[PDB]
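Q: model this:
(chains A, B, C, D, E and F, ligands or ions: 6)
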Amino acid sequence: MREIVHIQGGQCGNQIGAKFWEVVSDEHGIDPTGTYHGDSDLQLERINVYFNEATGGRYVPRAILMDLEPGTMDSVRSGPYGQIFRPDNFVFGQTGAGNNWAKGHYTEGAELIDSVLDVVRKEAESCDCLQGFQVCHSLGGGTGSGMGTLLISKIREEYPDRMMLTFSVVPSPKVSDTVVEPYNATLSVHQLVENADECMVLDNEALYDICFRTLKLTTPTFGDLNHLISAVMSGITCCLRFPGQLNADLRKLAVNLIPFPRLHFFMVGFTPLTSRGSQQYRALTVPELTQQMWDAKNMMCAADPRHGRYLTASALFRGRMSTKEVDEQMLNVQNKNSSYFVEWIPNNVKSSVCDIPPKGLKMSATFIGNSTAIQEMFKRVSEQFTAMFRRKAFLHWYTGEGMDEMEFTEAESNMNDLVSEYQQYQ
Amino acid sequence: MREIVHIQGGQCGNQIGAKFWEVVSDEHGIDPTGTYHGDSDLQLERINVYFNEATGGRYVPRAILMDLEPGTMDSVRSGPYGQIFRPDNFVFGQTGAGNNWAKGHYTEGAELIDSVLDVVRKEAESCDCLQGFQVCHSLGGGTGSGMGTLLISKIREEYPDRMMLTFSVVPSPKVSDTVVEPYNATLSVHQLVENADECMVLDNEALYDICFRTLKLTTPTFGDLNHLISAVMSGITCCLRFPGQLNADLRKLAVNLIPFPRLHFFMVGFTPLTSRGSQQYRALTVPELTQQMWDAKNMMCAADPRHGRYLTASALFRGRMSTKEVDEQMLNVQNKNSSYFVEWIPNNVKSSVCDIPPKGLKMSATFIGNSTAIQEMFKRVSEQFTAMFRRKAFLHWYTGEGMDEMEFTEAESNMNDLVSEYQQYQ
Amino acid sequence: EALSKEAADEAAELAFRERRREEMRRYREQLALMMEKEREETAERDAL
Amino acid sequence: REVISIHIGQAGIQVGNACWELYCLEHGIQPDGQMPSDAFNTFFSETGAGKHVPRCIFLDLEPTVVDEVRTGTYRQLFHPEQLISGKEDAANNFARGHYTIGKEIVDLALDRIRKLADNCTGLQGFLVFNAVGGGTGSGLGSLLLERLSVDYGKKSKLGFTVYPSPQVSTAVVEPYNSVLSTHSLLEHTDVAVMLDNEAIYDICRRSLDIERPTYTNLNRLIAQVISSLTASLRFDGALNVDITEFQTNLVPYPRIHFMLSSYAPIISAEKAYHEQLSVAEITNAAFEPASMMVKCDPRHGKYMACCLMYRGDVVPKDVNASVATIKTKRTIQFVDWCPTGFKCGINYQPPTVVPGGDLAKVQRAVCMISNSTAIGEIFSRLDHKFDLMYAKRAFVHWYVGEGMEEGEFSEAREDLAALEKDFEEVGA
Amino acid sequence: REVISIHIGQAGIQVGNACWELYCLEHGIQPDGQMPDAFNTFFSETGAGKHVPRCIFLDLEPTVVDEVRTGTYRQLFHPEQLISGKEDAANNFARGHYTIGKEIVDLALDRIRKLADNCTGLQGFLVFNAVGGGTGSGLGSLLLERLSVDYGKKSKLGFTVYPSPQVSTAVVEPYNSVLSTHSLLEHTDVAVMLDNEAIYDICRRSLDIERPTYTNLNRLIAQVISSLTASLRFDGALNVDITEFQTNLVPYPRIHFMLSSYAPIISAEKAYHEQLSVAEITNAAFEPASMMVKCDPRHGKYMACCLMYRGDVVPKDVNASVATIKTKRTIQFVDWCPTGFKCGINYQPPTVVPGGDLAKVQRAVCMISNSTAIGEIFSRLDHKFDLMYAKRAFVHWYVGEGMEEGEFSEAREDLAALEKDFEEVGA
Amino acid sequence: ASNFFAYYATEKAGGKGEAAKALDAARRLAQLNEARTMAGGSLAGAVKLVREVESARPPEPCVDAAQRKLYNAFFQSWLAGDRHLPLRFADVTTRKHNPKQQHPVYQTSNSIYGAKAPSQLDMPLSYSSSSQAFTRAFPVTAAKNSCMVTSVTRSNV
Ligand SMILES: Nc1nc2c(ncn2[C@@H]2O[C@H](COP(=O)(O)OP(=O)(O)OP(=O)(O)O)[C@@H](O)[C@H]2O)c(=O)[nH]1
Ligand SMILES: Nc1nc2c(ncn2[C@@H]2O[C@H](COP(=O)(O)OP(=O)(O)OP(=O)(O)O)[C@@H](O)[C@H]2O)c(=O)[nH]1
Ligand SMILES: Nc1nc2c(ncn2[C@@H]2O[C@H](COP(=O)(O)OP(=O)(O)O)[C@@H](O)[C@H]2O)c(=O)[nH]1
Ligand SMILES: Nc1nc2c(ncn2[C@@H]2O[C@H](COP(=O)(O)OP(=O)(O)O)[C@@H](O)[C@H]2O)c(=O)[nH]1
Ligand SMILES: [Mg+2]
Ligand SMILES: [Mg+2]
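A: Residues are numbered from 1 along each chain as shown, chains lettered A, B, ... in the order given. Ligands and ions are numbered 1, 2, ... in the order given. Structure data below:
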């Protein structure tokens, strides 16, 4: 009934979305060839949210892939579950932006963003009732940040009464791939604060720490991090696709998590995440999930919540459980660590339960928290931006193309006022 | 209903705890694979005091191991019952303090103590109502003593309303391993008088004496001494794990044995302990168990009770016994040796009986007597401490790390006032 | 199910270790033959 | 995506001979040029059925080396029209090769590469190989890059030049040629990668332990570096970068474009048996001066930006940890402006081994490209000895007889002085 | 737990040749470099099926280095570990410290930096050198000082070989010994001396070897080092690592000088007749006849002692034996520390080596203590050093190397200050 | 048979995995749970009935013991579950070297590059190429929007 399209920008977005589509296809019991092979009938009623009937059990994902380098498309298609995507949705340029926000927002955008706009429009009015849009992209790259952001702006100016999820990975000094990370990140966050309704802040350093400590992985390739993020997106939207004792769609979460329009940046965590050896000694109960949930090291962001306060929090649950245990556990976690929770908002936690757990686990949980501790990462990005901007390092590659300096001033001022109000509400 | 957590420090503490867990698992009929194979259902109702339900009848000990050398972990895993511990509780450093109380209390503890408090909070919040905490270590080593001392301080400032049992093996000049024994012992006992609720004094010289005379062994390896200590620690907490005609919990024994808040050091004796050849010629009756209890050679400390006065005493009895025999025997042993008992406290013994004897023995007993005869060993170690500190021997390693002389002066002053009050009450 | 999947995992890892060891043993042999060929070429050079 | 490579001068076409040989053995293409009974598309355009021609031109003035390559093993490989050849060598004369012979030879190369690009569809850019010490690689090469810039401009041009070593030198008038070449290389080439000769000599003497090394090994290593930096374009990886990334990620200012290149691990056949290969020690090995392709000292300079090209079996977690550990260490220091002076990249396929070479097969290798201010010392050192001879008007008569004057010499000298001032101010 | 070994001097390389062959023999590693977790403290698992020692042999004369390069263990060591010079220091401390050292020490330091980079849990370093020679004295001091500069807090064990009083092979060795001690005072952390004539007496009396060569000496030195490091290598009933010697055997910051002992040194034929227990070997580890240093502990007072036990050893009887030793009045301790002992028990017995002269013994004891006999040894060396320096003999070589007389006087005064320290500690 | 032989090869080499003993423990706990369901919540009755069930089976003739119980355990696991490059790169003989031979006395330096025979082990182990067939099948990048809107109104009622 409710419809969610998927948009993937850049190499990171394309790979993460490919893993996400693999996970959701497995969850609905459809084989990589594209035909239903599941057992439970419950999987059938809620696949119109992500798939379409083509020909006798043939399902095509409601996804749009956009990029500039054919290597990403070749990697997406070569792997398993790569033959399910419709080729018409492979909107695709040829030149390459290459870690340049100005290129991907002004040069290659003017000729490729119209085409992806037409594709996403054809995909949007094809269905009945739009619930929202789901966009996955990076923030350090060029074709993922700039083009994705301009797509966000165009879609928001087109469909303003339709929500929007954007999972964006952010740069860190510990995990720093490109050199222009602050220059792209500041403009991206400056444009996203007015356009995107809410985002899930992600970063590679926290994922590396999680897969080192909790998972105890020896060679955690990108596949494992993409698997964790795909599990995150599967958990966040599980309520639409399965019945539960207390349903909560994206709109319910957004209204229960956002107290003010600019306070829409969240940090996400997943549980359980147990090592291969300790899985046998573990217990499966709601208090264990809650304790592994509120752990500082379990968050998928490089922002310690112990350095700030929680404004609003949300937990999404899957599996056969008792509601009373959930409610009393949330009450206990609010009463014990009372300092970490904001004072002028009682019941800082919204809880929900779903009746269908993912296969391989009896009981799962997804945590989304809106704390003010995220301001430290914004300060960390802005100080690097100012340090590189004081002597105009790497500047003319943007200005020499059409970009201008007062927009950099606007972006840094927007970041400064956002972190100032974050500190205000602390 | 009442739960006890286990904390072990250093090589000696870890091996003692391994033997303790082996003997407790054998007593409760738990195989080294964590499954039940016992015969009586009575072994199931009181295992929550030391175990947790993992997955369908899988039991994990409620223990936290902490130390600083990988050889300890390898030795624990090599032996039987070493695979029942949850690997998450295997908190472990990498460098090692190495017989340096200052190192294990200021440098290595500073970055490892956060993790051990995190894991002990994880373990404590798992159960409902804590009964007490149990720590096993020694006062001669540097790693175990300092880290356990600071951990006890952290627990006391965190949980001050819960009981605490600490088992410490204090060195003697006869059996003296390391040169820095007085320096570690004085500081550990200085911190223990204000933090530990009560302490259980153990000594290797007395263990050697009893295994030479009573057991008549020719090669008393560390396994035998650890087995003796493990039997003692099984006997002290037997009341919680099994019903009896006269129950006595840890709090009851602590309140009935400690007359003043600074008087919390006890000597240990356990019966029966006889050679295999002499076991055939011996009977099982309560006067004979009593005479083997009150023998001065049966105490496990280098402190002769006949050299001082008995302030309080306690006897823990296991097996279906006669109460009239018990209290008449205690009355007779008080009436005969009236000189050794204190004057201003009549009836200086607290007695208890349990109906479940240890496996293999029809009758057993444990003795925990608080007398003033222990002050002689405090002087025995403080005279060595003063002799070493008079010309500042082996000091620059402690001083060069950051701690200074006023700590030594405070520790020695506490020792002198403690021994003076022991003499005052003698 | 979880234990079976894990067991298959270390089985595959051991298979990879074995094949990599075999390849490492294989890669050594080529050098000596080229050495003798080079000596033969130098001998031809000096004779001419 | 395709890129064409041109080779100018005596050294450029030798480097190309090494490079194309490595490419052919890497893609499994026989020396004749046909498939024995898809990544090659960026270098080889498939002609007819089962036949490939490289997207390259070899141009030079002296025909001896050109027709020696023509009559070599790879006759059927290179297209006959591609191997451009002149009539008279410039004879280590920048003026001669830039104005006398260049006028009648650059047009043929221009309208040849015009149709070569017309054959292309996804042209990423260009990359040039030349030696600034000589005259042919300096004069007509600089003219050709100037005309390419006025022809396309926006398309990348990678300059892998060979400067003369401070103490090791084969020519005498080579400072003049280097200065005159740089006068246009500063404002014509987009990204340039620096390579000395004595540095490679020390690398092969110490690490590769050949006591009698010739130009063959040097060209083999240069080809290995080019293959390592291009395998991302040719082959897919977990995180691939194209030729455009060096335009932005490595250049801090429009006139500061001189990269320091290095490669690791440079190891012989027997040493690989003893040591263990992992990401940390090879990442460290890419930073010492003993593994630099340019004879300089990075200790006296500060890094503006760094790039890391990785090949083989390397996961991202351990290379990220190695980068973090490198950043924590205070032996090397970065510029005050850029805190994140790194640019990493991973490709799956390990570098291939050339038959008959001394480089053992390596599971994983690193190609490091950075930018420091030691080049500020290199240019000053070159300019001092340039002024030494120029003060007495030595060898100037040849150039003035060719047709030039003192004006271009003085303007190039002051341009180098201005570049020195820019380097010293950007260092602060 | 990782520790590396570096060998400076002609004697150091031969000592390393004995030690590493012993290590490979006990770990079952064939000389080619592969076996047919305990080895992790000495060997690095390189690639697959290959172990490389964590060691470097550095010297100036290449004869011994090339002899090792052409010996049986050609493929055991990584080739570029073996740093070799081009010209010897020729028993000249000034030459080995300022002439040749300034050009050869940097490469060794750049190597050990990478060696420690390969390590992750580095316990410390240990050095082997003979103070009599030039290379072992001159560049060794520079290497040690820049080691302390680079690391400082990591343990550096100095196993030196001091020249015998009446037995000597060189002439100007007092100068080298004095100038080496001047830096070894404040550079190394724990220092252990092992004289050569004492080993000669041990092998003449116990091993009854009438014509022994350096091979047996280095073999028993390697046995002592292996007994010392077995606790790190293998777990035991009472483990003791290398950090303990810092905090348990050094009473003063400037007094770090250990006398070593080993027991039982028993020949194969005598092994079949003498019954091995703990009491007799504990007694045997205290007489001067079982010392590797020619000194009389009776004239001195033991500040502290350390005991290493390997094989079939239980704590009860070793505690009984140490109590009996403490009750005995044939040996006196310092008035400061009453508990002047340190015991350690390891399960693995010492192994035998083909071609060696030791038997298969169930248990062994290695004793390390500290007395004032070091005070008389240093004084005895200083008298003959002053005899040398009174007439300015051989000083012209050092002067022409580039040195002067100031450092000689300051080293002599440092030795006098050390003698004052020993005599005041003995009070 | 293949699984049994691989299994036996491992047990002889002491190769039993950590996941293997965890599986064995899990199977034992499952048997204990089934016995509990048989005899009620009391675990004592469960382990009893397990013991009499084990002892009730009549023994079969055997020649040895270790192999007998090894085969029994393997077959129990078997009932539980199942546990045990382009042609040019695979072969070098397909390509022809056909080099240009040169006079032995007169040897130029540039001739070394293309004269050496490759071997099987000189070839790479894996050739992870990228197939651009799907990208080539795509038309020119110049796309266009040419459509007439015919979307039916589907108001949320
Ligand atoms: N790396 C490398 N450099 C070379 C090689 N051959 C020559 N050079 C360099 O080229 C410089 C001189 O130029 P040449 O290669 O002789 O020829 P040219 O650049 O075309 O100049 P002309 O001689 O006038 O034609 C020398 O200083 C060398 O450093 C080579 O094979 N490899
Ligand atoms: N115990 C023992 N001492 C040795 C051995 N070899 C040499 N020495 C001692 O070392 C002293 C001289 O130093 P050497 O080891 O011979 O060589 P060096 O230390 O490098 O000094 P130079 O010979 O001058 O280069 C001699 O006086 C010997 O006492 C040995 O194999 N065992
Ligand atoms: N989780 C995950 N992150 C990735 C992956 N590939 C790249 N990234 C992240 O994406 C960032 C680079 O973005 P980039 O690919 O250049 O964006 P684009 O240029 O717009 O395509 C790096 O900081 C990486 O941390 C992946 O496979 N998984
Ligand atoms: N009961 C018992 N005591 C031991 C054992 N091992 C050592 N000890 C005692 O512990 C003391 C040594 O402590 P130490 O090992 O330095 O402490 P740690 O390093 O913190 O573990 C000695 O005095 C021994 O008497 C053992 O296995 N059992
Ligand atoms: Mg030329
Ligand atoms: Mg020598």
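Q: just checking, what's the longest helix in chain F?
A: Counting by DSSP state H, the longest helix found in chain F is helix F:18-39.
Q: what do you get for chain D?
A: The single longest helix within chain D, with elements called by DSSP H, is helix D:406-427.
Q: show me what that one is packed up against.
A: Helices and strands touching helix D:406-427, as assessed by 3 or more C-beta pairs under 8 Å, 6 or more residues apart in numbering or on different chains; DSSP states H and E, comprise helix D:174-188, helix D:374-390, helix D:396-402. Using the backbone N, CA and C atoms, a C-beta is placed for each residue, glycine as well.
Q: which other residues reach the second one?
A: Right, helix D:374-390. Helix D:374-390 is contacted by residues D:163-164, D:166, D:175-176, D:178-179, D:182, D:194, D:258, D:260, D:294, D:296-298, D:300-301, D:395-396, D:409, D:413, D:416-417, D:419-420, D:423-424, D:427 when judged by C-beta atoms under 8 Å, 6 or more residues apart in numbering or on different chains.
Q: that one and ligand 1, any residue contact?
A: No: Helix D:374-390 stays clear of ligand 1 (C-beta under 6 Å from any ligand atom), getting no nearer than 13.0 Å.
Q: what residues does chain C put near chain F?
A: Where proximity means C-beta under 8 Å from any C-beta of the partner chain, the interface of chain C facing chain F comprises C:3-4, C:6-11, C:23, C:26-27, C:29-30, C:44-45, C:48.
Q: what subset of those is buried?
A: The neighbour-count test (16 or more other C-beta atoms under 10 Å in any protein chain shown) marks C:3, C:6, C:7, C:11, C:27, C:30 as buried among these.
Q: next, give phi and psi for the residue in the stretch 251-400 of chain A that ligand 2 sits nearest to.
A: With C-beta to the nearest ligand atom, the shortest gap between the stretch 251-400 of chain A and ligand 2 falls at residue A:277, namely 50.1 Å. Taking degrees, to the nearest 10, you get phi -90, psi -40 for the backbone angles of residue A:277.
Q: tell me how many other residues surround the nearest residue to residue D:175 once chain neighbours are set aside.
A: Using C-beta to C-beta, 6 or more residues apart in numbering or on different chains and skipping residues adjacent in sequence, the residue nearest residue D:175 is residue D:386, 4.1 Å away. Per other C-beta atoms under 10 Å in any protein chain shown, the neighbour tally for residue D:386 reads 20.
Q: now do residue D:425
A: Counted with other C-beta under 10 Å, the burial measure for residue D:425 works out to 8 neighbours.
Q: from residue E:26, how far out is it?
A: Using C-beta to C-beta, to the nearest Å, residue D:425 is found at 63 Å from residue E:26.
Q: for residue D:292, same thing?
A: 43 Å.
Q: quick one, what contacts the most centrally placed residue in chain F?
A: Most central residue of chain F, judged by C-alpha distance to the mean C-alpha position with C-alpha atoms, centre = their mean, is residue F:84 at 9.7 Å. Taking C-beta under 8 Å, 6+ apart as the definition of contact, the neighbours of residue F:84 are F:2, F:3, F:4, F:6, F:7.
Q: am I right that the fourth one is in a helix?
A: When you say that, I think you mean residue F:6. Yes: the assignment for residue F:6, made by DSSP: H, G, I helix; E, B strand; the rest coil, places it in a helix.
Q: burial of it, as a residue count?
A: For residue F:6, the neighbour count with other C-beta under 10 Å is 14.
Q: rewinding a little: what are the contacting residues of the longest helix of chain F?
A: Applying C-beta under 8 Å, 6+ apart, the set of residues contacting helix F:18-39 from outside is A:277, A:280, B:33-36, B:55-58, B:83, C:3-4, C:6-7, C:9-10, F:42-43, F:45-50, F:76-77, F:80.
Q: can you show me the CA trace of that helix as PDB?
A: Listed in PDB are the C-alpha atoms of helix F:18-39, where the atom choice follows Å, rounded to 0.1, in the frame of the first residue of the first chain:
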ATOM      1  CA  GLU F  18      35.700 -25.200  17.800                       C
ATOM      2  CA  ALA F  19      32.400 -25.000  16.000                       C
ATOM      3  CA  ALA F  20      32.400 -28.800  16.100                       C
ATOM      4  CA  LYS F  21      32.400 -29.200  19.900                       C
ATOM      5  CA  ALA F  22      29.800 -26.400  20.100                       C
ATOM      6  CA  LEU F  23      27.600 -28.400  17.800                       C
ATOM      7  CA  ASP F  24      28.200 -31.500  19.800                       C
ATOM      8  CA  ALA F  25      27.200 -29.700  23.000                       C
ATOM      9  CA  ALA F  26      24.100 -28.200  21.300                       C
ATOM     10  CA  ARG F  27      23.100 -31.700  20.200                       C
ATOM     11  CA  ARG F  28      23.600 -33.000  23.800                       C
ATOM     12  CA  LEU F  29      21.400 -30.200  25.100                       C
ATOM     13  CA  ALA F  30      18.700 -30.900  22.600                       C
ATOM     14  CA  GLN F  31      18.800 -34.600  23.600                       C
ATOM     15  CA  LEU F  32      18.500 -33.500  27.300                       C
ATOM     16  CA  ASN F  33      15.500 -31.200  26.300                       C
ATOM     17  CA  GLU F  34      13.800 -34.100  24.500                       C
ATOM     18  CA  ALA F  35      14.300 -36.300  27.500                       C
ATOM     19  CA  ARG F  36      12.900 -33.600  29.700                       C
ATOM     20  CA  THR F  37       9.800 -33.500  27.500                       C
ATOM     21  CA  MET F  38       9.600 -37.300  27.800                       C
ATOM     22  CA  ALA F  39       9.900 -37.400  31.600                       C
END
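Q: re the thing from before, tell me the most buried of the helices and strands packed on helix D:406-427?
A: Greatest average neighbour count among the helices and strands packed on helix D:406-427 goes to helix D:174-188 (a mean of 23), per mean count of other C-beta atoms under 10 Å in any protein chain shown.
Q: right, is whichever helix or strand comes after it up against ligand 1?
A: Note on helix D:174-188: by DSSP states H and E, the next helix or strand toward the C-terminus is strand D:191-195. No: using C-beta under 6 Å from any ligand atom, we find that strand D:191-195 stays clear of ligand 1, coming within 7.2 Å at best.
Q: thanks again, I'm all set now.
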